[PDB]
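Have a look at final-v5.pdb below; it lists PDB, N, CA and C atoms.
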```
ATOM      1  N   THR A   1     218.547  16.513 -46.410
ATOM      2  CA  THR A   1     218.477  15.122 -46.849
ATOM      3  C   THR A   1     217.067  14.563 -46.679
ATOM      4  N   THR A   2     216.446  14.834 -45.529
ATOM      5  CA  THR A   2     215.089  14.353 -45.292
ATOM      6  C   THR A   2     214.107  14.964 -46.286
ATOM      7  N   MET A   3     214.259  16.258 -46.574
ATOM      8  CA  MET A   3     213.351  16.911 -47.510
ATOM      9  C   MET A   3     213.546  16.388 -48.927
ATOM     10  N   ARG A   4     214.785  16.072 -49.308
ATOM     11  CA  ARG A   4     215.021  15.473 -50.617
ATOM     12  C   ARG A   4     214.378  14.095 -50.711
ATOM     13  N   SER A   5     214.474  13.304 -49.639
ATOM     14  CA  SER A   5     213.791  12.012 -49.620
ATOM     15  C   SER A   5     212.283  12.187 -49.758
ATOM     16  N   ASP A   6     211.719  13.167 -49.049
ATOM     17  CA  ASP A   6     210.287  13.427 -49.151
ATOM     18  C   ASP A   6     209.905  13.880 -50.555
ATOM     19  N   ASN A   7     210.769  14.662 -51.204
ATOM     20  CA  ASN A   7     210.496  15.099 -52.571
ATOM     21  C   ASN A   7     210.501  13.924 -53.540
ATOM     22  N   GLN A   8     211.446  12.995 -53.372
ATOM     23  CA  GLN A   8     211.444  11.792 -54.203
ATOM     24  C   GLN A   8     210.177  10.974 -53.977
ATOM     25  N   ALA A   9     209.762  10.842 -52.715
ATOM     26  CA  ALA A   9     208.517  10.139 -52.419
ATOM     27  C   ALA A   9     207.327  10.831 -53.071
ATOM     28  N   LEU A  10     207.308  12.165 -53.047
ATOM     29  CA  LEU A  10     206.222  12.911 -53.672
ATOM     30  C   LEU A  10     206.204  12.703 -55.180
ATOM     31  N   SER A  11     207.381  12.641 -55.806
ATOM     32  CA  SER A  11     207.438  12.350 -57.235
ATOM     33  C   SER A  11     206.874  10.965 -57.536
ATOM     34  N   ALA A  12     207.224   9.978 -56.708
ATOM     35  CA  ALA A  12     206.661   8.641 -56.887
ATOM     36  C   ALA A  12     205.144   8.657 -56.728
ATOM     37  N   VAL A  13     204.646   9.409 -55.743
ATOM     38  CA  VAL A  13     203.204   9.520 -55.542
ATOM     39  C   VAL A  13     202.545  10.176 -56.747
ATOM     40  N   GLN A  14     203.211  11.164 -57.344
ATOM     41  CA  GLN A  14     202.662  11.816 -58.529
ATOM     42  C   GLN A  14     202.570  10.844 -59.699
ATOM     43  N   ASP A  15     203.592  10.007 -59.880
ATOM     44  CA  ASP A  15     203.525   8.991 -60.929
ATOM     45  C   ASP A  15     202.387   8.006 -60.672
ATOM     46  N   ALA A  16     202.234   7.572 -59.418
ATOM     47  CA  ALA A  16     201.143   6.661 -59.082
ATOM     48  C   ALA A  16     199.788   7.313 -59.328
ATOM     49  N   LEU A  17     199.672   8.607 -59.025
ATOM     50  CA  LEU A  17     198.428   9.327 -59.266
ATOM     51  C   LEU A  17     198.132   9.442 -60.754
ATOM     52  N   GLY A  18     199.163   9.652 -61.573
ATOM     53  CA  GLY A  18     198.953   9.631 -63.013
ATOM     54  C   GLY A  18     198.447   8.286 -63.501
ATOM     55  N   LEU A  19     199.034   7.203 -62.987
ATOM     56  CA  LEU A  19     198.558   5.866 -63.338
ATOM     57  C   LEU A  19     197.098   5.679 -62.930
ATOM     58  N   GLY A  20     196.757   6.103 -61.711
ATOM     59  CA  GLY A  20     195.385   5.985 -61.250
ATOM     60  C   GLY A  20     194.418   6.809 -62.077
ATOM     61  N   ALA A  21     194.845   8.001 -62.496
ATOM     62  CA  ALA A  21     194.009   8.830 -63.358
ATOM     63  C   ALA A  21     193.762   8.149 -64.696
ATOM     64  N   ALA A  22     194.790   7.505 -65.253
ATOM     65  CA  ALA A  22     194.597   6.752 -66.491
ATOM     66  C   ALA A  22     193.584   5.628 -66.294
ATOM     67  N   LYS A  23     193.707   4.895 -65.183
ATOM     68  CA  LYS A  23     192.759   3.819 -64.901
ATOM     69  C   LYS A  23     191.337   4.352 -64.773
ATOM     70  N   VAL A  24     191.175   5.474 -64.069
ATOM     71  CA  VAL A  24     189.853   6.061 -63.882
ATOM     72  C   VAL A  24     189.277   6.518 -65.214
ATOM     73  N   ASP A  25     190.108   7.105 -66.077
ATOM     74  CA  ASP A  25     189.629   7.534 -67.388
ATOM     75  C   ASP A  25     189.137   6.349 -68.207
ATOM     76  N   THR A  26     189.898   5.251 -68.206
ATOM     77  CA  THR A  26     189.473   4.067 -68.950
ATOM     78  C   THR A  26     188.159   3.515 -68.402
ATOM     79  N   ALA A  27     188.064   3.398 -67.075
ATOM     80  CA  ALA A  27     186.848   2.870 -66.467
ATOM     81  C   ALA A  27     185.653   3.766 -66.758
ATOM     82  N   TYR A  28     185.858   5.083 -66.740
ATOM     83  CA  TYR A  28     184.754   6.002 -66.987
ATOM     84  C   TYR A  28     184.319   5.969 -68.447
ATOM     85  N   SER A  29     185.263   5.783 -69.372
ATOM     86  CA  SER A  29     184.877   5.605 -70.770
ATOM     87  C   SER A  29     184.030   4.351 -70.941
ATOM     88  N   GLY A  30     184.435   3.256 -70.291
ATOM     89  CA  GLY A  30     183.599   2.065 -70.297
ATOM     90  C   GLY A  30     182.225   2.324 -69.706
ATOM     91  N   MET A  31     182.172   3.124 -68.640
ATOM     92  CA  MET A  31     180.896   3.454 -68.012
ATOM     93  C   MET A  31     180.000   4.245 -68.956
ATOM     94  N   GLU A  32     180.575   5.196 -69.696
ATOM     95  CA  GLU A  32     179.792   5.955 -70.669
ATOM     96  C   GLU A  32     179.256   5.052 -71.771
ATOM     97  N   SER A  33     180.085   4.124 -72.254
ATOM     98  CA  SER A  33     179.604   3.176 -73.254
ATOM     99  C   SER A  33     178.445   2.351 -72.706
ATOM    100  N   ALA A  34     178.565   1.900 -71.455
ATOM    101  CA  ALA A  34     177.485   1.142 -70.832
ATOM    102  C   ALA A  34     176.221   1.983 -70.696
ATOM    103  N   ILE A  35     176.371   3.263 -70.344
ATOM    104  CA  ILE A  35     175.219   4.160 -70.254
ATOM    105  C   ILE A  35     174.506   4.246 -71.596
ATOM    106  N   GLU A  36     175.273   4.441 -72.670
ATOM    107  CA  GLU A  36     174.662   4.557 -73.991
ATOM    108  C   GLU A  36     173.935   3.275 -74.377
ATOM    109  N   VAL A  37     174.564   2.121 -74.139
ATOM    110  CA  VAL A  37     173.936   0.856 -74.512
ATOM    111  C   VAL A  37     172.671   0.619 -73.694
ATOM    112  N   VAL A  38     172.708   0.939 -72.398
ATOM    113  CA  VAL A  38     171.541   0.731 -71.548
ATOM    114  C   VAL A  38     170.403   1.654 -71.965
ATOM    115  N   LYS A  39     170.724   2.899 -72.331
ATOM    116  CA  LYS A  39     169.692   3.805 -72.823
ATOM    117  C   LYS A  39     169.068   3.275 -74.108
ATOM    118  N   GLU A  40     169.892   2.730 -75.005
ATOM    119  CA  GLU A  40     169.353   2.138 -76.226
ATOM    120  C   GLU A  40     168.445   0.954 -75.911
ATOM    121  N   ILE A  41     168.846   0.117 -74.951
ATOM    122  CA  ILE A  41     168.021  -1.025 -74.558
ATOM    123  C   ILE A  41     166.686  -0.553 -73.999
ATOM    124  N   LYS A  42     166.712   0.482 -73.156
ATOM    125  CA  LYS A  42     165.472   0.995 -72.581
ATOM    126  C   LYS A  42     164.561   1.564 -73.660
ATOM    127  N   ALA A  43     165.134   2.281 -74.631
ATOM    128  CA  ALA A  43     164.329   2.798 -75.733
ATOM    129  C   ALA A  43     163.706   1.665 -76.538
ATOM    130  N   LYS A  44     164.480   0.609 -76.804
ATOM    131  CA  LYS A  44     163.942  -0.535 -77.534
ATOM    132  C   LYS A  44     162.816  -1.206 -76.759
ATOM    133  N   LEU A  45     162.983  -1.353 -75.442
ATOM    134  CA  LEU A  45     161.936  -1.958 -74.625
ATOM    135  C   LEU A  45     160.676  -1.103 -74.618
ATOM    136  N   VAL A  46     160.836   0.220 -74.532
ATOM    137  CA  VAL A  46     159.680   1.112 -74.565
ATOM    138  C   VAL A  46     158.955   0.989 -75.897
ATOM    139  N   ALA A  47     159.712   0.933 -76.997
ATOM    140  CA  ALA A  47     159.094   0.707 -78.299
ATOM    141  C   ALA A  47     158.411  -0.653 -78.366
ATOM    142  N   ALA A  48     158.916  -1.633 -77.614
ATOM    143  CA  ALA A  48     158.332  -2.969 -77.597
ATOM    144  C   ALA A  48     156.999  -3.029 -76.863
ATOM    145  N   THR A  49     156.613  -1.963 -76.157
ATOM    146  CA  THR A  49     155.365  -1.984 -75.403
ATOM    147  C   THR A  49     154.159  -2.142 -76.322
TER     148      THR A  49
ATOM    149  N   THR B   1     171.276  13.561 -68.545
ATOM    150  CA  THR B   1     171.260  12.193 -69.054
ATOM    151  C   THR B   1     169.888  11.554 -68.877
ATOM    152  N   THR B   2     169.272  11.753 -67.709
ATOM    153  CA  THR B   2     167.930  11.224 -67.489
ATOM    154  C   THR B   2     166.937  11.849 -68.461
ATOM    155  N   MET B   3     167.078  13.151 -68.722
ATOM    156  CA  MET B   3     166.200  13.813 -69.680
ATOM    157  C   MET B   3     166.398  13.279 -71.093
ATOM    158  N   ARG B   4     167.640  12.983 -71.481
ATOM    159  CA  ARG B   4     167.884  12.399 -72.798
ATOM    160  C   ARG B   4     167.257  11.017 -72.912
ATOM    161  N   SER B   5     167.368  10.210 -71.854
ATOM    162  CA  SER B   5     166.706   8.909 -71.853
ATOM    163  C   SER B   5     165.195   9.067 -71.976
ATOM    164  N   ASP B   6     164.628  10.043 -71.263
ATOM    165  CA  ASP B   6     163.200  10.309 -71.377
ATOM    166  C   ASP B   6     162.833  10.741 -72.792
ATOM    167  N   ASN B   7     163.684  11.547 -73.426
ATOM    168  CA  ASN B   7     163.422  11.979 -74.795
ATOM    169  C   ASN B   7     163.413  10.794 -75.752
ATOM    170  N   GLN B   8     164.345   9.857 -75.565
ATOM    171  CA  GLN B   8     164.328   8.636 -76.370
ATOM    172  C   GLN B   8     163.041   7.849 -76.142
ATOM    173  N   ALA B   9     162.605   7.757 -74.883
ATOM    174  CA  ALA B   9     161.359   7.056 -74.585
ATOM    175  C   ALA B   9     160.171   7.720 -75.273
ATOM    176  N   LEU B  10     160.120   9.054 -75.258
ATOM    177  CA  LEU B  10     159.035   9.761 -75.937
ATOM    178  C   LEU B  10     159.108   9.590 -77.449
ATOM    179  N   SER B  11     160.313   9.479 -78.009
ATOM    180  CA  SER B  11     160.419   9.195 -79.439
ATOM    181  C   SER B  11     159.841   7.822 -79.769
ATOM    182  N   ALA B  12     160.153   6.823 -78.940
ATOM    183  CA  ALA B  12     159.553   5.504 -79.125
ATOM    184  C   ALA B  12     158.036   5.571 -78.982
ATOM    185  N   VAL B  13     157.557   6.372 -78.029
ATOM    186  CA  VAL B  13     156.120   6.548 -77.843
ATOM    187  C   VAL B  13     155.496   7.184 -79.079
ATOM    188  N   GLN B  14     156.204   8.126 -79.705
ATOM    189  CA  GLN B  14     155.708   8.738 -80.934
ATOM    190  C   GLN B  14     155.591   7.715 -82.055
ATOM    191  N   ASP B  15     156.598   6.852 -82.197
ATOM    192  CA  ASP B  15     156.513   5.803 -83.211
ATOM    193  C   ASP B  15     155.331   4.875 -82.942
ATOM    194  N   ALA B  16     155.141   4.487 -81.679
ATOM    195  CA  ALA B  16     154.009   3.636 -81.326
ATOM    196  C   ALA B  16     152.684   4.341 -81.596
ATOM    197  N   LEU B  17     152.623   5.646 -81.326
ATOM    198  CA  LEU B  17     151.413   6.415 -81.590
ATOM    199  C   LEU B  17     151.100   6.446 -83.077
ATOM    200  N   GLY B  18     152.125   6.614 -83.913
ATOM    201  CA  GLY B  18     151.902   6.563 -85.349
ATOM    202  C   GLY B  18     151.380   5.214 -85.805
ATOM    203  N   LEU B  19     151.964   4.134 -85.281
ATOM    204  CA  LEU B  19     151.487   2.797 -85.634
ATOM    205  C   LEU B  19     150.032   2.603 -85.211
ATOM    206  N   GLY B  20     149.701   3.025 -83.990
ATOM    207  CA  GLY B  20     148.332   2.901 -83.520
ATOM    208  C   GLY B  20     147.360   3.737 -84.327
ATOM    209  N   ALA B  21     147.785   4.934 -84.737
ATOM    210  CA  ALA B  21     146.937   5.775 -85.574
ATOM    211  C   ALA B  21     146.669   5.113 -86.917
ATOM    212  N   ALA B  22     147.691   4.488 -87.506
ATOM    213  CA  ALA B  22     147.475   3.755 -88.750
ATOM    214  C   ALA B  22     146.483   2.613 -88.550
ATOM    215  N   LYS B  23     146.627   1.871 -87.449
ATOM    216  CA  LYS B  23     145.701   0.776 -87.167
ATOM    217  C   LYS B  23     144.272   1.289 -87.022
ATOM    218  N   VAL B  24     144.098   2.389 -86.288
ATOM    219  CA  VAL B  24     142.768   2.948 -86.074
ATOM    220  C   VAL B  24     142.175   3.440 -87.387
ATOM    221  N   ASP B  25     142.996   4.056 -88.242
ATOM    222  CA  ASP B  25     142.498   4.524 -89.530
ATOM    223  C   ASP B  25     142.019   3.362 -90.393
ATOM    224  N   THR B  26     142.795   2.275 -90.436
ATOM    225  CA  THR B  26     142.370   1.107 -91.207
ATOM    226  C   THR B  26     141.075   0.522 -90.653
ATOM    227  N   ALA B  27     140.988   0.400 -89.326
ATOM    228  CA  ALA B  27     139.783  -0.142 -88.713
ATOM    229  C   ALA B  27     138.577   0.739 -89.004
ATOM    230  N   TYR B  28     138.757   2.060 -88.956
ATOM    231  CA  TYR B  28     137.652   2.975 -89.211
ATOM    232  C   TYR B  28     137.196   2.906 -90.663
ATOM    233  N   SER B  29     138.136   2.778 -91.602
ATOM    234  CA  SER B  29     137.753   2.644 -93.005
ATOM    235  C   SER B  29     136.943   1.372 -93.227
ATOM    236  N   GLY B  30     137.411   0.252 -92.668
ATOM    237  CA  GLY B  30     136.640  -0.978 -92.769
ATOM    238  C   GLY B  30     135.276  -0.857 -92.115
ATOM    239  N   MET B  31     135.215  -0.156 -90.982
ATOM    240  CA  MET B  31     133.959   0.017 -90.267
ATOM    241  C   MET B  31     132.966   0.814 -91.101
ATOM    242  N   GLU B  32     133.439   1.881 -91.750
ATOM    243  CA  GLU B  32     132.574   2.677 -92.616
ATOM    244  C   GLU B  32     132.076   1.859 -93.800
ATOM    245  N   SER B  33     132.952   1.042 -94.391
ATOM    246  CA  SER B  33     132.510   0.184 -95.487
ATOM    247  C   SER B  33     131.418  -0.777 -95.025
ATOM    248  N   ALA B  34     131.600  -1.379 -93.846
ATOM    249  CA  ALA B  34     130.586  -2.286 -93.317
ATOM    250  C   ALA B  34     129.271  -1.559 -93.060
ATOM    251  N   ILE B  35     129.345  -0.337 -92.527
ATOM    252  CA  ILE B  35     128.134   0.439 -92.268
ATOM    253  C   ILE B  35     127.394   0.724 -93.566
ATOM    254  N   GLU B  36     128.127   1.109 -94.614
ATOM    255  CA  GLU B  36     127.486   1.367 -95.900
ATOM    256  C   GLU B  36     126.821   0.109 -96.447
ATOM    257  N   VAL B  37     127.503  -1.035 -96.345
ATOM    258  CA  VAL B  37     126.930  -2.279 -96.853
ATOM    259  C   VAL B  37     125.652  -2.631 -96.099
ATOM    260  N   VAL B  38     125.665  -2.491 -94.773
ATOM    261  CA  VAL B  38     124.484  -2.839 -93.988
ATOM    262  C   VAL B  38     123.347  -1.853 -94.245
ATOM    263  N   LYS B  39     123.672  -0.581 -94.487
ATOM    264  CA  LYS B  39     122.639   0.370 -94.886
ATOM    265  C   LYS B  39     121.991  -0.054 -96.197
ATOM    266  N   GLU B  40     122.804  -0.512 -97.152
ATOM    267  CA  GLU B  40     122.255  -1.038 -98.399
ATOM    268  C   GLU B  40     121.365  -2.249 -98.139
ATOM    269  N   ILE B  41     121.783  -3.123 -97.221
ATOM    270  CA  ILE B  41     120.983  -4.302 -96.885
ATOM    271  C   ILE B  41     119.630  -3.885 -96.327
ATOM    272  N   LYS B  42     119.632  -2.913 -95.412
ATOM    273  CA  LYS B  42     118.385  -2.452 -94.813
ATOM    274  C   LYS B  42     117.474  -1.827 -95.860
ATOM    275  N   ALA B  43     118.043  -1.032 -96.769
ATOM    276  CA  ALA B  43     117.241  -0.443 -97.838
ATOM    277  C   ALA B  43     116.624  -1.525 -98.715
ATOM    278  N   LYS B  44     117.414  -2.542 -99.065
ATOM    279  CA  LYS B  44     116.889  -3.631 -99.882
ATOM    280  C   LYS B  44     115.767  -4.370 -99.164
ATOM    281  N   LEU B  45     115.932  -4.624 -97.866
ATOM    282  CA  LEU B  45     114.918  -5.377 -97.137
ATOM    283  C   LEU B  45     113.631  -4.571 -96.986
ATOM    284  N   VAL B  46     113.744  -3.273 -96.688
ATOM    285  CA  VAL B  46     112.542  -2.457 -96.549
ATOM    286  C   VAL B  46     111.871  -2.267 -97.904
ATOM    287  N   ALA B  47     112.636  -2.345 -98.996
ATOM    288  CA  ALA B  47     112.007  -2.415-100.310
ATOM    289  C   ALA B  47     111.281  -3.742-100.497
ATOM    290  N   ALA B  48     111.868  -4.829 -99.996
ATOM    291  CA  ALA B  48     111.327  -6.170-100.170
ATOM    292  C   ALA B  48     110.165  -6.484 -99.242
ATOM    293  N   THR B  49     109.859  -5.622 -98.268
ATOM    294  CA  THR B  49     108.745  -5.915 -97.368
ATOM    295  C   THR B  49     107.421  -6.014 -98.119
TER     296      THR B  49
END
```
structure tokens encoding of this file:
Amino acid sequence: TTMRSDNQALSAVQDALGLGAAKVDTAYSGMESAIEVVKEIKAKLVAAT
Amino acid sequence: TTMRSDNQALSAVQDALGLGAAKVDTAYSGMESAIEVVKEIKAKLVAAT
């Protein structure tokens, strides 16, 4: 009974980890977009010299 | 990523170098024209002495 309860808890933790992975993927995609935009800004500023 | 940003910066530097080369070429052409005109002036004056 205790091991079955622990297995259910582990399944819940796995679902939470999937949710967290989705959040991290979204945030990292935003980070990549920010990297690209910042690189473009730096290139424009260098051309502005 | 840092190298790609540097490559973009060097591309901007190349564009700036091309613009500066065009400016220098125009200035040099005008300078040569002025030199020729002043040489003509000197020839005329030494004829007029």
> In Å, with one decimal, what is the gap from CA of residue 40 (chain B) to CA of residue 27 (chain B)?
Replying inline: 20.0 Å
>> Give me, as number ranges by chain, all polymer residues having an atom no more than 10 Å from region 14-24 of chain B, counting only C-alpha atoms and skipping those fewer than 6 positions away in the same chain.
In response: A: 46-49; B: 8, 30
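For the choices A:31, A:43, A:9, A:3, the atom-to-atom distance to chain B is smallest for A:43 when using all atoms listed in the file.
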Take chain A, lay it over chain B with a least-squares fit on all the Cα atoms in order, then hand it over as a tab-separated table (two decimals) with N, CA and C atoms, keeping the file's coordinate frame.
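Saved file out18.tsv follows:
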```tsv
chain	number	residue	atom	x	y	z
A	1	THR	N	171.41	13.42	-68.57
A	1	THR	CA	171.37	12.04	-69.06
A	1	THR	C	169.97	11.44	-68.90
A	2	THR	N	169.36	11.66	-67.73
A	2	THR	CA	168.01	11.14	-67.50
A	2	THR	C	167.01	11.76	-68.46
A	3	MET	N	167.13	13.07	-68.71
A	3	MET	CA	166.19	13.73	-69.61
A	3	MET	C	166.39	13.26	-71.05
A	4	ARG	N	167.63	12.99	-71.45
A	4	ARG	CA	167.87	12.44	-72.78
A	4	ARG	C	167.25	11.05	-72.92
A	5	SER	N	167.38	10.22	-71.87
A	5	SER	CA	166.73	8.92	-71.89
A	5	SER	C	165.21	9.06	-72.01
A	6	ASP	N	164.63	10.00	-71.26
A	6	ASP	CA	163.20	10.23	-71.34
A	6	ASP	C	162.79	10.72	-72.73
A	7	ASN	N	163.63	11.55	-73.36
A	7	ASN	CA	163.33	12.02	-74.71
A	7	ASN	C	163.35	10.88	-75.72
A	8	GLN	N	164.32	9.97	-75.59
A	8	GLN	CA	164.34	8.80	-76.46
A	8	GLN	C	163.10	7.94	-76.25
A	9	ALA	N	162.70	7.76	-74.99
A	9	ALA	CA	161.47	7.02	-74.71
A	9	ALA	C	160.26	7.70	-75.32
A	10	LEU	N	160.21	9.03	-75.25
A	10	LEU	CA	159.10	9.77	-75.84
A	10	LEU	C	159.07	9.62	-77.36
A	11	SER	N	160.24	9.60	-78.00
A	11	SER	CA	160.29	9.36	-79.43
A	11	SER	C	159.76	7.98	-79.78
A	12	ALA	N	160.14	6.97	-78.99
A	12	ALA	CA	159.61	5.63	-79.21
A	12	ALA	C	158.09	5.60	-79.03
A	13	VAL	N	157.59	6.31	-78.02
A	13	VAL	CA	156.14	6.38	-77.80
A	13	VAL	C	155.46	7.06	-78.98
A	14	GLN	N	156.09	8.08	-79.55
A	14	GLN	CA	155.52	8.76	-80.70
A	14	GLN	C	155.44	7.83	-81.90
A	15	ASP	N	156.48	7.02	-82.12
A	15	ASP	CA	156.42	6.04	-83.21
A	15	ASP	C	155.31	5.02	-82.97
A	16	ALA	N	155.18	4.54	-81.73
A	16	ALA	CA	154.11	3.59	-81.42
A	16	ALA	C	152.74	4.22	-81.63
A	17	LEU	N	152.60	5.50	-81.28
A	17	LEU	CA	151.34	6.20	-81.49
A	17	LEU	C	151.02	6.36	-82.97
A	18	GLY	N	152.04	6.62	-83.79
A	18	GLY	CA	151.82	6.64	-85.22
A	18	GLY	C	151.34	5.30	-85.75
A	19	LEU	N	151.95	4.22	-85.28
A	19	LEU	CA	151.51	2.88	-85.68
A	19	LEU	C	150.06	2.65	-85.26
A	20	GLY	N	149.72	3.02	-84.02
A	20	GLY	CA	148.35	2.86	-83.56
A	20	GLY	C	147.36	3.69	-84.35
A	21	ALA	N	147.75	4.90	-84.73
A	21	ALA	CA	146.89	5.74	-85.55
A	21	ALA	C	146.65	5.10	-86.91
A	22	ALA	N	147.68	4.50	-87.50
A	22	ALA	CA	147.50	3.78	-88.76
A	22	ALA	C	146.51	2.63	-88.59
A	23	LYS	N	146.66	1.86	-87.51
A	23	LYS	CA	145.74	0.75	-87.26
A	23	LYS	C	144.31	1.25	-87.10
A	24	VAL	N	144.13	2.34	-86.35
A	24	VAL	CA	142.79	2.89	-86.13
A	24	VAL	C	142.20	3.38	-87.44
A	25	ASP	N	143.00	4.02	-88.29
A	25	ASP	CA	142.50	4.48	-89.58
A	25	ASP	C	142.03	3.31	-90.44
A	26	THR	N	142.82	2.23	-90.48
A	26	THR	CA	142.41	1.06	-91.26
A	26	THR	C	141.12	0.46	-90.72
A	27	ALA	N	141.04	0.30	-89.40
A	27	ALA	CA	139.84	-0.28	-88.80
A	27	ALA	C	138.62	0.60	-89.05
A	28	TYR	N	138.80	1.92	-88.99
A	28	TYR	CA	137.67	2.82	-89.19
A	28	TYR	C	137.22	2.82	-90.65
A	29	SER	N	138.16	2.69	-91.59
A	29	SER	CA	137.76	2.55	-92.99
A	29	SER	C	136.94	1.29	-93.19
A	30	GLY	N	137.38	0.18	-92.59
A	30	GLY	CA	136.57	-1.03	-92.62
A	30	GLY	C	135.20	-0.82	-92.01
A	31	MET	N	135.14	-0.06	-90.92
A	31	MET	CA	133.86	0.22	-90.27
A	31	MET	C	132.94	1.02	-91.18
A	32	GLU	N	133.48	2.01	-91.89
A	32	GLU	CA	132.67	2.78	-92.83
A	32	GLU	C	132.15	1.90	-93.96
A	33	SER	N	132.99	1.01	-94.48
A	33	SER	CA	132.52	0.09	-95.51
A	33	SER	C	131.39	-0.78	-94.98
A	34	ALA	N	131.53	-1.27	-93.74
A	34	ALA	CA	130.48	-2.08	-93.14
A	34	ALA	C	129.19	-1.27	-92.96
A	35	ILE	N	129.32	0.00	-92.56
A	35	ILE	CA	128.15	0.86	-92.43
A	35	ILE	C	127.42	0.98	-93.77
A	36	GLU	N	128.17	1.23	-94.84
A	36	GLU	CA	127.54	1.37	-96.15
A	36	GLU	C	126.84	0.09	-96.57
A	37	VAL	N	127.50	-1.06	-96.38
A	37	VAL	CA	126.90	-2.32	-96.79
A	37	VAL	C	125.65	-2.62	-95.97
A	38	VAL	N	125.69	-2.34	-94.66
A	38	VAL	CA	124.54	-2.61	-93.81
A	38	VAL	C	123.37	-1.70	-94.19
A	39	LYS	N	123.66	-0.43	-94.51
A	39	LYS	CA	122.60	0.47	-94.96
A	39	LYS	C	121.98	-0.04	-96.26
A	40	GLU	N	122.81	-0.53	-97.18
A	40	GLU	CA	122.27	-1.09	-98.42
A	40	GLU	C	121.39	-2.31	-98.14
A	41	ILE	N	121.82	-3.17	-97.21
A	41	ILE	CA	121.03	-4.34	-96.85
A	41	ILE	C	119.69	-3.92	-96.26
A	42	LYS	N	119.70	-2.91	-95.38
A	42	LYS	CA	118.45	-2.45	-94.78
A	42	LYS	C	117.52	-1.87	-95.83
A	43	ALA	N	118.07	-1.10	-96.78
A	43	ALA	CA	117.24	-0.57	-97.86
A	43	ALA	C	116.63	-1.69	-98.69
A	44	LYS	N	117.43	-2.72	-99.00
A	44	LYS	CA	116.91	-3.85	-99.77
A	44	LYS	C	115.81	-4.57	-99.01
A	45	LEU	N	115.99	-4.76	-97.70
A	45	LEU	CA	114.97	-5.41	-96.89
A	45	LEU	C	113.69	-4.59	-96.84
A	46	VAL	N	113.82	-3.27	-96.71
A	46	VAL	CA	112.64	-2.40	-96.71
A	46	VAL	C	111.91	-2.50	-98.03
A	47	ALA	N	112.65	-2.50	-99.14
A	47	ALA	CA	112.03	-2.69	-100.45
A	47	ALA	C	111.38	-4.07	-100.55
A	48	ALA	N	111.91	-5.06	-99.84
A	48	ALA	CA	111.36	-6.41	-99.86
A	48	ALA	C	110.04	-6.53	-99.12
A	49	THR	N	109.63	-5.49	-98.37
A	49	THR	CA	108.39	-5.57	-97.61
A	49	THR	C	107.18	-5.72	-98.52
```
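We find atom C of residue 13 (chain B) and atom N of residue 44 (chain A) to be spaced 11.4 Å apart.
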>> Using only N, CA and C atoms, can you tell me which of B:12, B:7, B:38, B:2 comes closest to chain A?
In response: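 That would be B:12, the residue with the smallest distance to chain A.
Atom to atom, CA of residue 4 (chain B) and CA of residue 39 (chain A) stand 8.8 Å apart.
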